[PDB]
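Quick notes on the structure that follows.
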């Protein structure tokens, strides 16, 4: 329930975290 | 205290979406 | 349930750090 929500967030944050490293790279 | 988790949750999914949006705008700009 | 509390705080940390990284870039 909540945990579905937690886990969906660490996905979105990870991708945003990923896009940043890439953008800082690019 | 489940309301608090609920509240903390919803505030996080709000902040993250705004960042997600902030990101796409930059990638655009 | 602590894991739930722990997962929360680890997320609000990443997000603030993420927000901080952007404001730095919005400068450039």
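Protein chains in written order, with the entry's author numbering: chain B, 19 to 44; chain C, 16 to 44; chain A, 17 to 44. Note that the Cβ used here is the ideal one computed from N, Cα and C, for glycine as well.
With its beta carbon at least 8 angstroms from every one in chain B, residue 40 (chain C) lies outside the interface.
Residue 41 (chain C) and residue 36 (chain B) have their C-alpha atoms roughly 15 angstroms apart. Under the 10 Å beta carbon count, residue 33 (chain A) is surrounded by fewer than 16 other beta carbons and is classified as exposed.
In this structure, DSSP gives residue 22 (chain C) a helical state, which the three-state scheme calls helix.
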